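Below: the structure, in structure tokens.
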Amino acid sequence: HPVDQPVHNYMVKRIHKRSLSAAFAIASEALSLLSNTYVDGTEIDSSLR
Amino acid sequence: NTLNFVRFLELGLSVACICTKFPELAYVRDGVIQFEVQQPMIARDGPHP
């Protein structure tokens, strides 16, 4: 009974958009110690770093 | 002109203080410092109260 005909569907999906953000406070003191450690040498206390 | 410049050591200044240096900083507000004794006393009395 020749009546059949396969069908193919074509759905497309959108991507949407999300994000996550947070704050991370640096104390003047922590970035303080930071500044010397980038140039760590005989100076700049190691226990401090 | 140059604002007047010959150095750290040419008359008489360093005993408002004594020292110890203090580089590593970043930890105190009203911490400690000590010693461990006290002030003269008792061999004039009666057989005192």
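Naming works like this for the structure tokens: A, B, ... for the chains as they're shown, residue 1 at the start of each chain, ligands 1 onward in shown order.
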Within 12 Å of chain A: residues of chain B, using only C-alpha atoms, as a PyMOL selection string: chain B and resi 22-27
Once DSSP has gone over the backbone, tell me which residues of chain A are in helix (DSSP H, G or I), as a PDB file with C-alpha atoms, in the first residue's frame.
```pdb
ATOM      1  CA  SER A  28      45.775  47.923  51.310  1.00  0.00           C
ATOM      2  CA  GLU A  29      47.849  45.705  53.618  1.00  0.00           C
ATOM      3  CA  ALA A  30      47.641  42.518  51.545  1.00  0.00           C
ATOM      4  CA  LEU A  31      48.444  44.277  48.268  1.00  0.00           C
ATOM      5  CA  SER A  32      51.020  46.078  50.384  1.00  0.00           C
ATOM      6  CA  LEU A  33      52.917  42.892  51.104  1.00  0.00           C
ATOM      7  CA  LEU A  34      52.166  41.897  47.507  1.00  0.00           C
ATOM      8  CA  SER A  35      54.175  44.819  46.146  1.00  0.00           C
ATOM      9  CA  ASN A  36      57.494  43.645  47.624  1.00  0.00           C
ATOM     10  CA  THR A  37      56.966  39.932  46.917  1.00  0.00           C
TER      11      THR A  37
END
```
Point-to-point distance in Å for CA of residue 21 in chain B and CA of residue 34 in chain B: 17.5 Å
